[PDB]
Amino acid sequence: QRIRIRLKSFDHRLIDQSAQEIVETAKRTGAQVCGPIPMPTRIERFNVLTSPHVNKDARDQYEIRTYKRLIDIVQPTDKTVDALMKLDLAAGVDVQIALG
Amino acid sequence: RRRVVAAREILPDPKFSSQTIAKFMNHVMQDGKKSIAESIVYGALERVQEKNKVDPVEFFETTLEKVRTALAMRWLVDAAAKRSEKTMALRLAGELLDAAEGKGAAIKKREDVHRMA
Amino acid sequence: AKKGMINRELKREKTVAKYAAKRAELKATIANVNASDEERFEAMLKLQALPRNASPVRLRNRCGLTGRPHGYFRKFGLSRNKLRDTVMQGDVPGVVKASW
Amino acid sequence: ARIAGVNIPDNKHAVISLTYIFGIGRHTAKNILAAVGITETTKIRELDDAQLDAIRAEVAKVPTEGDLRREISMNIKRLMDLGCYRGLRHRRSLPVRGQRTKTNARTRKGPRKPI
Amino acid sequence: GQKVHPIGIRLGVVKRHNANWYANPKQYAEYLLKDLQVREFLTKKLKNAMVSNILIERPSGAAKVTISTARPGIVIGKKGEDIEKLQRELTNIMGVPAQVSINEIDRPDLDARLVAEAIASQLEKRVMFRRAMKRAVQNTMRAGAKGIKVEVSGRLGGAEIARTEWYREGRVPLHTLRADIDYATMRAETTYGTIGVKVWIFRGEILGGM
Amino acid sequence: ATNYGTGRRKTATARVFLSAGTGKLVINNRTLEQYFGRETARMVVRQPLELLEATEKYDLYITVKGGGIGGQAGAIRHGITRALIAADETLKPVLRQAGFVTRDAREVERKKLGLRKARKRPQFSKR
Amino acid sequence: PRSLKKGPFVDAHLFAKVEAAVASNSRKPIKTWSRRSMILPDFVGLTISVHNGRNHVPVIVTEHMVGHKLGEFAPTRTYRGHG
RNA sequence: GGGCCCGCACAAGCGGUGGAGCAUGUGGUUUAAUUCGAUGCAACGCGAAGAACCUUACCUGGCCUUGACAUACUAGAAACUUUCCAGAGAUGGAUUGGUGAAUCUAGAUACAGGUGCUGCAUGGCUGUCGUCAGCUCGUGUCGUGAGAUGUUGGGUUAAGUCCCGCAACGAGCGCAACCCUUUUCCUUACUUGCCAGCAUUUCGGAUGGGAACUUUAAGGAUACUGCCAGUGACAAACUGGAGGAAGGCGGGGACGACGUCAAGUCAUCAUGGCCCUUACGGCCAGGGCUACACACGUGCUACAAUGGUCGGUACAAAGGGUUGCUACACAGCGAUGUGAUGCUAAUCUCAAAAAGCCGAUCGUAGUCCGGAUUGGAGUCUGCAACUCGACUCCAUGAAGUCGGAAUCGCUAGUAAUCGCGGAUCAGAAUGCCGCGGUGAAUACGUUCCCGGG
RNA sequence: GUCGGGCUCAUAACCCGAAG
RNA sequence: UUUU
Ligand SMILES: C[NH+](C)c1cc(NC(=O)CNC(C)(C)C)c(O)c2c1C[C@H]1C[C@H]3[C@H]([NH+](C)C)C(O)=C(C(N)=O)C(=O)[C@@]3(O)C(O)=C1C2=O
Ligand SMILES: [Mg+2]
Ligand SMILES: [Mg+2]
Ligand SMILES: [Mg+2]
Ligand SMILES: [Mg+2]
Ligand SMILES: [Mg+2]
Ligand SMILES: [Mg+2]
Ligand SMILES: [Mg+2]
Ligand SMILES: [Mg+2]
Ligand SMILES: [Mg+2]
Ligand SMILES: [Mg+2]
Ligand SMILES: [Mg+2]
Ligand SMILES: [Mg+2]
Ligand SMILES: [Mg+2]
Ligand SMILES: [Mg+2]
Ligand SMILES: [Mg+2]
Ligand SMILES: [Mg+2]
Ligand SMILES: [Mg+2]
Ligand SMILES: [Mg+2]
Ligand SMILES: [Mg+2]
Ligand SMILES: [Mg+2]
Ligand SMILES: [Mg+2]
Ligand SMILES: [Mg+2]
Ligand SMILES: [Mg+2]
Ligand SMILES: [Mg+2]
């Protein structure tokens, strides 16, 4: 059975480290992995007036980026998914797992 | 600017590769509608060529001489407008023929400048 | 703002929370097509019989610290001023200064 | 040539010359010359009087210069006398649909005036 | 004037965030506000403690707060009745079973937060602000940081016209993004009103991004 | 006998496949005049091969997505000369002195905070 | 205007008053703060002392005045002239 | 006050504004009230990233007192949940299900409470000069000394940038670089995205498949006068031209020194102080901010043919979407309505890009220009569109035929033009912020105008 | 002469336009 | 050319 693991984060130094932390993890007691594909990132921006009273031109322009990554485990063993949920996922990275 | 700058080059027109007529269709051009300009000027040339058989790249250049560079192009394009006979490709082509035959509309439009001498 | 305003909006959205399912089923009954029309008039009349402050159209969104109603951001729940001063001291996830 | 009490232009397309009658635009003239069967391209100069009277019967089913102008001024009169908001606004030559008045009303209000 | 906040510009560059979680685009504000109250309360619960930073992690739908303080004693005291009940007191504010660890801050002199704490704690002691600022920069430059500016503004000790005074000893590169610069601002609530303390401290550039 | 070129101009990509054959062109499964009604876009689509005066020795199967008329015309010409001098390297001098080798860098400049149009600022007003 | 499939809008207080004063043919005008309730044929003959922000103006619901709201008959802005 | 230098400051060009219709902010006036703030540059589509009620702070009336909410004290009751009426509503009444912590009620004392005043008592934040190039220190030298030097001069430069001179030699903060983006290439990653080469083709990557290519997103390479010529003072620098995807700071953005303007803001917040406490506090329903003899600012749309209309056919990027976007079907002239469908999204949808190209049509006119304005009939949001919404259809078809004195923006993918998106938001953008399409002309020069070192 | 605009950080002058 |  297939295991599609999708990673989400607000930072990429976290999502990539978690992905290459779990890929090796599986590949140690199994195989048939399709690596962390990088999926296009969402980037939503904001304008914030910075003064208290009246200055339309003075604005801090901010961003927030959500990065997403794909990971395929095609036919893992029965000694793999146990060690998959047996791994502590950091903060700032969310992982959602779906059996195909 | 304050010290010195150079001029800019333009890619010669893809039909005849003559830089002057390309600079000229960059004068009828307005608001970025280069297609309108190309149609207008190529039509003017294809009208002045079939009657009064002359090589048209040779032709526009042997007729602008009696108009004088950029100033001649402005005088042409505006003297080409105040005719209201048919589509603009025609009141540029008739104005080129009027400049060749030595008329007063563009051949002697700048005569008021030589009159001032 | 003046605490009357924050209590007023706690008031209004508390009401909307109270009469929520009622307003929902009434709105549903109206748009019915397989229902009698005496009911499709009773439902109208009963819906507009509610408190003015029952329908969330009357609410307005305010800052999670100050309560300032102009310059709101639904992504954050705060208005502009405290948002700026929190993004800068490093208290929000993902947000940086944008440039491209 | 002479339709609904106006001399529509003659040497011009039919759909465009039919709109000179106060009460007909492009949609209504297209409806007319569709219900009679004369294409819009036909210039009036080339019309036999076998079709002019049919299209006259057509415009006769349309409110045109006289009656249209009449009932127009009559509704405004109902408004003026009923003393409602828009009748008041009609008495003063001000924008009535709810347009701004601090400035930008020189079409209802007329040109600019000095002190 | 009109300078950008020091930490805010080197946030995606060389500084980390004081909040590390993830939240879907319609459940983000819930989490952020649950976080803001927790910070707001901890900064009073541990005010006479020596906290310099609060870091809130929401790992996979959990709650874990790490406070980097100087005296773990005042926030613990007797071991077994506060930090395991302070987690109870936080869980009520985050809404998620929380955990609170201790970051023993060695070199308790590199924090603009704590330098501002001591400076304002002296200002509200009615001390001469010049000796205060300068004693603090003595305290901090000696301890190994390579540059310090201290800024103090507003009706200083009770005159009727406001004025601003700073002291800069060492190196403080602000336009250099790879510069590790701690910066902290506080308000000394004197009986004459408000004095603003700002404190920049530098320690040497960051070489290698993150 | 199959050579590839990737040609970017503004937001266009113009995957070009050049092969030795007749003079035949298909622009995204469409003929040269079926695609660019602006027959100057075809003129510069036929700039490089005609400069080498071949125009009959190669077939071109091309696929371009992104941009507009002029952007895609310049992108296709770009990808064509890339495929061209990937075939016969010694060609690069000539295609260099007419300008067909250089990836034109100018992209649209972004709007600014406080500006009408990225260098257009509001009409200044005094008193 | 209101959507014809939602029907006309009338408030409950004013309409209860109108239905209670039609069964009495009262001559006392109906004092209301609505300004937004539409005029029904029910209303003809009656006179409504409708608000105008400051005062109450009673308007006598005449025949051509159906399809209007109450408030349409009380100008809320005082304007006589500028000079 | 001189001198030099610089900068769309002027010049040359391109396009606007001042003219006309409307949108919007201000002044005034008006008014019950038209809430307050912001006044040269640096206020005037400004706080407001969205006034129908709400927001709301103002006016009109109608109501409340430990007060809508903090804690400190006393007593009976689990929080609750129904249902009706008077009422414009607040507000009250009247009824059902539940049986030491809590959540209202009752009371009293401090107190709460004010968007009230002072930004000239303050902080915290911002404009502005101005991304302007400056601001200093250590030693060493000169001046009894304060001080000076350095940091000046010839050049140069975007630049206290660099060189050469020189009683200065160094150093720091500013400059630049480190940061993000865009341009070329490489390594990885191959799905939801891709289709080069095979075949299956229901002609659609669709479907097997392939991991090439485009793309996607992580880690890197490249550019540095490096190379040659020339001018130059064994100089910096500058002019090339070769190469190169890119050549000299390749393009943009973020970052805004020391200080000035008692610049802006007690109406974000906080705060010292002063004032109010049956009201300047709290709660309501209607109005109002939407007024209109007029005056200004900033925009949107046009006056036509390089155009209007109608038909046919292309090509974007970037964003949004579960209370949301909705394939498709049915109804309508349409706005939309009903069923119906996938989607928490590189998968489904918004979504059609427009200007462009092809064909006809109009033939230089107040017109098939232009849409103001008005009458008529609707749709949707909403509890309600009168005051005071947007959109849709029919009719209606003003002004306006390139605009005075004057004046503004712009040096390249820019001006000019053509459309798309979002934030705010139930609905309400010509405004703001972004996105891409097409795509110029000119710069002789510093005498002047304007701001600075 | 007046009134509206232009001009200046602010004034007249001056320029324009209008009414008379 | 009038005022700081
Ligand atoms: C000298 N007067 C008039 C004055 C007094 C006060 N303060 C007070 O009223 C008294 N302050 C107390 C409460 C007694 C401590 C004042 O507070 C002020 C001022 C002056 C104004 C001048 C303003 C001026 N105007 C023309 C716009 C201006 O242009 C400037 C400027 N160009 O910088 C100003 O400084 C000004 O805006 C201003 O700030 C003033 C005052 O602050
Ligand atoms: Mg307050
Ligand atoms: Mg609202
Ligand atoms: Mg007509
Ligand atoms: Mg810099
Ligand atoms: Mg861009
Ligand atoms: Mg603006
Ligand atoms: Mg002006
Ligand atoms: Mg000029
Ligand atoms: Mg003020
Ligand atoms: Mg009491
Ligand atoms: Mg001030
Ligand atoms: Mg201040
Ligand atoms: Mg210099
Ligand atoms: Mg330097
Ligand atoms: Mg002041
Ligand atoms: Mg105060
Ligand atoms: Mg005030
Ligand atoms: Mg109200
Ligand atoms: Mg307003
Ligand atoms: Mg028209
Ligand atoms: Mg006229
Ligand atoms: Mg420039
Ligand atoms: Mg553009
Ligand atoms: Mg000067």
# chains A, B, ... in the order shown; residues from 1 in each chain; ligands from 1
$ residues_near_ligand --ligand "ligand 12" --cutoff "9 Å" --atoms "only C-alpha atoms (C1' of nucleotides) and all ligand atoms" --output "PyMOL selection string"
chain H and resi 119-120+262-265
$ write_last_selection --atoms "C-alpha atoms (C1' of nucleotides)" --output "PDB file, in the first residue's frame"
ATOM      1  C1'   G H 119       2.071  65.582  21.021  1.00  0.00           C
ATOM      2  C1'   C H 120       4.388  72.416  24.501  1.00  0.00           C
ATOM      3  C1'   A H 262       9.213  72.190  20.416  1.00  0.00           C
ATOM      4  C1'   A H 263       7.418  68.591  12.284  1.00  0.00           C
ATOM      5  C1'   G H 264       2.963  64.368  13.069  1.00  0.00           C
ATOM      6  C1'   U H 265       0.245  61.411  16.624  1.00  0.00           C
TER       7        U H 265
END
$ residues_around --residues "residue F:101" --least-positions-apart "3" --cutoff "10 Å" --atoms "only C-alpha atoms (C1' of nucleotides)" --output "MDAnalysis selection string"
(chainID F and resid 7 48 77:82 85 92:98 104) or (chainID H and resid 245)
$ residues_near_ligand --ligand "ligand 23" --cutoff "9 Å" --atoms "only C-alpha atoms (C1' of nucleotides) and all ligand atoms" --output "PDB file with N, CA and C atoms (P, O5', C5', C4', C3', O3' and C1' of nucleotides), in the first residue's frame"
ATOM      1  N   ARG F 119       7.623  53.499 -11.874  1.00  0.00           N
ATOM      2  CA  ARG F 119       8.493  54.662 -11.853  1.00  0.00           C
ATOM      3  C   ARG F 119       7.642  55.908 -12.020  1.00  0.00           C
TER       4      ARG F 119
ATOM      5  P     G H   7      24.160  63.622 -11.453  1.00  0.00           P
ATOM      6  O5'   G H   7      22.647  63.486 -10.999  1.00  0.00           O
ATOM      7  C5'   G H   7      22.299  62.627  -9.929  1.00  0.00           C
ATOM      8  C4'   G H   7      21.017  63.058  -9.273  1.00  0.00           C
ATOM      9  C3'   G H   7      19.886  63.449 -10.208  1.00  0.00           C
ATOM     10  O3'   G H   7      19.201  62.336 -10.754  1.00  0.00           O
ATOM     11  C1'   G H   7      20.092  65.072  -8.521  1.00  0.00           C
ATOM     12  P     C H   8      18.475  62.449 -12.181  1.00  0.00           P
ATOM     13  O5'   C H   8      16.925  62.441 -11.815  1.00  0.00           O
ATOM     14  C5'   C H   8      15.935  62.374 -12.835  1.00  0.00           C
ATOM     15  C4'   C H   8      15.202  63.681 -12.998  1.00  0.00           C
ATOM     16  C3'   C H   8      13.822  63.735 -12.370  1.00  0.00           C
ATOM     17  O3'   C H   8      13.551  65.094 -12.031  1.00  0.00           O
ATOM     18  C1'   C H   8      13.614  64.015 -14.698  1.00  0.00           C
ATOM     19  P     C H 410       9.350  61.483 -11.888  1.00  0.00           P
ATOM     20  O5'   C H 410       9.566  60.737 -13.270  1.00  0.00           O
ATOM     21  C5'   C H 410       9.172  59.387 -13.460  1.00  0.00           C
ATOM     22  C4'   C H 410       9.255  59.013 -14.916  1.00  0.00           C
ATOM     23  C3'   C H 410      10.641  59.070 -15.522  1.00  0.00           C
ATOM     24  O3'   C H 410      11.405  57.905 -15.266  1.00  0.00           O
ATOM     25  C1'   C H 410       9.117  60.194 -16.933  1.00  0.00           C
ATOM     26  P     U H 411      13.002  58.009 -15.156  1.00  0.00           P
ATOM     27  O5'   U H 411      13.493  58.125 -16.661  1.00  0.00           O
ATOM     28  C5'   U H 411      13.380  57.028 -17.553  1.00  0.00           C
ATOM     29  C4'   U H 411      14.647  56.823 -18.343  1.00  0.00           C
ATOM     30  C3'   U H 411      15.937  56.729 -17.525  1.00  0.00           C
ATOM     31  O3'   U H 411      16.802  55.776 -18.129  1.00  0.00           O
ATOM     32  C1'   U H 411      16.146  58.421 -19.135  1.00  0.00           C
TER      33        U H 411
END
$ residues_around --residues "residue D:18" --least-positions-apart "6" --cutoff "12 Å" --atoms "only C-alpha atoms (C1' of nucleotides)" --output "ChimeraX atom specification"
/D:1-4,6-10,12,24-33,40,42-44,52,55-56,58-59,64 /H:368
$ residues_around --residues "residue F:46" --least-positions-apart "5" --cutoff "9 Å" --atoms "only C-alpha atoms (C1' of nucleotides)" --output "ChimeraX atom specification"
/F:41,51,55,77
$ residues_near_ligand --ligand "ligand 15" --cutoff "12 Å" --atoms "only C-alpha atoms (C1' of nucleotides) and all ligand atoms" --output "VMD selection string"
chain H and resid 133 to 135 151 159 to 162 171 to 176
$ residues_near_ligand --ligand "ligand 5" --cutoff "10 Å" --atoms "only C-alpha atoms (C1' of nucleotides) and all ligand atoms" --output "JSON, numbers by chain"
{"E": [175, 176, 177], "H": [131, 174, 175, 176, 177, 178, 254, 255, 256]}
$ closest_atom_pairs --of "chain H" --to "chain B" --cutoff "8 Å" --atoms "only C-alpha atoms (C1' of nucleotides)" --output "tab-separated table"
residue	atom	partner	partner_atom	distance
H:305	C1'	B:87	CA	7.3
H:306	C1'	B:36	CA	6.2
H:363	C1'	B:86	CA	7.9
H:364	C1'	B:84	CA	6.9
H:416	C1'	B:31	CA	4.5
H:417	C1'	B:31	CA	4.3
H:438	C1'	B:32	CA	5.2
H:439	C1'	B:32	CA	4.0
H:440	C1'	B:26	CA	6.6
H:443	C1'	B:1	CA	6.2
H:445	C1'	B:2	CA	7.7
H:446	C1'	B:2	CA	7.4
$ write_last_selection --atoms "N, CA and C atoms (P, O5', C5', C4', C3', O3' and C1' of nucleotides)" --output "PDB file, in the first residue's frame"
ATOM      1  P     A H 305      -9.211  60.622 -35.542  1.00  0.00           P
ATOM      2  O5'   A H 305      -9.767  59.274 -36.170  1.00  0.00           O
ATOM      3  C5'   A H 305      -9.611  58.034 -35.494  1.00  0.00           C
ATOM      4  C4'   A H 305      -9.680  56.871 -36.448  1.00  0.00           C
ATOM      5  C3'   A H 305      -8.974  57.087 -37.781  1.00  0.00           C
ATOM      6  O3'   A H 305      -8.358  55.876 -38.203  1.00  0.00           O
ATOM      7  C1'   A H 305     -11.242  56.571 -38.164  1.00  0.00           C
ATOM      8  P     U H 306      -6.913  55.919 -38.896  1.00  0.00           P
ATOM      9  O5'   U H 306      -5.959  55.237 -37.829  1.00  0.00           O
ATOM     10  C5'   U H 306      -6.234  53.932 -37.347  1.00  0.00           C
ATOM     11  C4'   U H 306      -5.497  53.649 -36.066  1.00  0.00           C
ATOM     12  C3'   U H 306      -6.032  54.360 -34.825  1.00  0.00           C
ATOM     13  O3'   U H 306      -5.967  53.477 -33.712  1.00  0.00           O
ATOM     14  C1'   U H 306      -3.745  54.884 -35.124  1.00  0.00           C
ATOM     15  P     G H 363     -21.221  56.777 -44.233  1.00  0.00           P
ATOM     16  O5'   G H 363     -19.995  57.777 -44.336  1.00  0.00           O
ATOM     17  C5'   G H 363     -19.888  58.898 -43.471  1.00  0.00           C
ATOM     18  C4'   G H 363     -18.531  59.536 -43.584  1.00  0.00           C
ATOM     19  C3'   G H 363     -18.173  60.069 -44.968  1.00  0.00           C
ATOM     20  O3'   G H 363     -17.383  61.248 -44.841  1.00  0.00           O
ATOM     21  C1'   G H 363     -16.634  58.378 -44.337  1.00  0.00           C
ATOM     22  P     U H 364     -18.099  62.683 -44.786  1.00  0.00           P
ATOM     23  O5'   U H 364     -17.328  63.454 -43.628  1.00  0.00           O
ATOM     24  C5'   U H 364     -17.980  63.786 -42.407  1.00  0.00           C
ATOM     25  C4'   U H 364     -17.004  64.255 -41.359  1.00  0.00           C
ATOM     26  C3'   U H 364     -15.882  65.157 -41.863  1.00  0.00           C
ATOM     27  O3'   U H 364     -15.561  66.110 -40.854  1.00  0.00           O
ATOM     28  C1'   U H 364     -14.953  63.227 -40.868  1.00  0.00           C
ATOM     29  P     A H 416       2.548  57.373 -18.314  1.00  0.00           P
ATOM     30  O5'   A H 416       2.378  57.029 -19.853  1.00  0.00           O
ATOM     31  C5'   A H 416       2.140  58.045 -20.817  1.00  0.00           C
ATOM     32  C4'   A H 416       1.790  57.436 -22.145  1.00  0.00           C
ATOM     33  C3'   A H 416       0.646  56.435 -22.118  1.00  0.00           C
ATOM     34  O3'   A H 416      -0.632  57.041 -22.154  1.00  0.00           O
ATOM     35  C1'   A H 416       2.466  55.485 -23.242  1.00  0.00           C
ATOM     36  P     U H 417      -1.740  56.671 -21.055  1.00  0.00           P
ATOM     37  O5'   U H 417      -2.354  55.304 -21.582  1.00  0.00           O
ATOM     38  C5'   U H 417      -3.016  55.245 -22.838  1.00  0.00           C
ATOM     39  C4'   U H 417      -2.800  53.921 -23.529  1.00  0.00           C
ATOM     40  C3'   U H 417      -3.512  52.724 -22.936  1.00  0.00           C
ATOM     41  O3'   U H 417      -4.879  52.697 -23.307  1.00  0.00           O
ATOM     42  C1'   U H 417      -1.283  52.142 -23.480  1.00  0.00           C
ATOM     43  P     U H 438       4.246  40.650 -25.355  1.00  0.00           P
ATOM     44  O5'   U H 438       3.833  42.081 -25.898  1.00  0.00           O
ATOM     45  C5'   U H 438       3.181  42.198 -27.148  1.00  0.00           C
ATOM     46  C4'   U H 438       2.833  43.624 -27.475  1.00  0.00           C
ATOM     47  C3'   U H 438       3.982  44.553 -27.781  1.00  0.00           C
ATOM     48  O3'   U H 438       4.485  44.383 -29.090  1.00  0.00           O
ATOM     49  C1'   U H 438       2.450  45.640 -26.366  1.00  0.00           C
ATOM     50  P     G H 439       6.027  44.673 -29.421  1.00  0.00           P
ATOM     51  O5'   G H 439       6.285  46.140 -28.870  1.00  0.00           O
ATOM     52  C5'   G H 439       5.804  47.277 -29.568  1.00  0.00           C
ATOM     53  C4'   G H 439       5.927  48.530 -28.741  1.00  0.00           C
ATOM     54  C3'   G H 439       7.329  48.917 -28.351  1.00  0.00           C
ATOM     55  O3'   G H 439       8.033  49.558 -29.384  1.00  0.00           O
ATOM     56  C1'   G H 439       5.995  48.999 -26.453  1.00  0.00           C
ATOM     57  P     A H 440       9.624  49.541 -29.351  1.00  0.00           P
ATOM     58  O5'   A H 440       9.986  50.748 -28.386  1.00  0.00           O
ATOM     59  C5'   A H 440      10.673  51.880 -28.883  1.00  0.00           C
ATOM     60  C4'   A H 440       9.741  53.032 -29.136  1.00  0.00           C
ATOM     61  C3'   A H 440      10.414  54.384 -29.260  1.00  0.00           C
ATOM     62  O3'   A H 440      10.912  54.626 -30.552  1.00  0.00           O
ATOM     63  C1'   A H 440       8.590  54.545 -27.778  1.00  0.00           C
ATOM     64  P     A H 443      18.695  64.124 -28.571  1.00  0.00           P
ATOM     65  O5'   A H 443      19.246  64.317 -27.091  1.00  0.00           O
ATOM     66  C5'   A H 443      19.164  65.575 -26.443  1.00  0.00           C
ATOM     67  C4'   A H 443      19.547  65.473 -24.991  1.00  0.00           C
ATOM     68  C3'   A H 443      20.876  64.810 -24.684  1.00  0.00           C
ATOM     69  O3'   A H 443      21.998  65.635 -24.912  1.00  0.00           O
ATOM     70  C1'   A H 443      19.242  63.984 -23.217  1.00  0.00           C
ATOM     71  P     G H 445      27.620  68.484 -26.018  1.00  0.00           P
ATOM     72  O5'   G H 445      26.898  68.979 -24.688  1.00  0.00           O
ATOM     73  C5'   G H 445      27.606  69.671 -23.666  1.00  0.00           C
ATOM     74  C4'   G H 445      26.766  70.784 -23.093  1.00  0.00           C
ATOM     75  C3'   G H 445      26.854  70.994 -21.589  1.00  0.00           C
ATOM     76  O3'   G H 445      27.974  71.776 -21.215  1.00  0.00           O
ATOM     77  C1'   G H 445      24.584  71.036 -22.293  1.00  0.00           C
ATOM     78  P     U H 446      28.515  71.780 -19.702  1.00  0.00           P
ATOM     79  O5'   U H 446      27.442  72.631 -18.896  1.00  0.00           O
ATOM     80  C5'   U H 446      27.324  74.036 -19.094  1.00  0.00           C
ATOM     81  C4'   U H 446      26.474  74.684 -18.029  1.00  0.00           C
ATOM     82  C3'   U H 446      27.041  74.641 -16.613  1.00  0.00           C
ATOM     83  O3'   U H 446      26.664  75.831 -15.928  1.00  0.00           O
ATOM     84  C1'   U H 446      24.937  73.582 -16.648  1.00  0.00           C
TER      85        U H 446
END
$ atom_distance --atom1 "atom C1' of residue I:3" --atom2 "atom CA of residue F:123"
29.1 Å
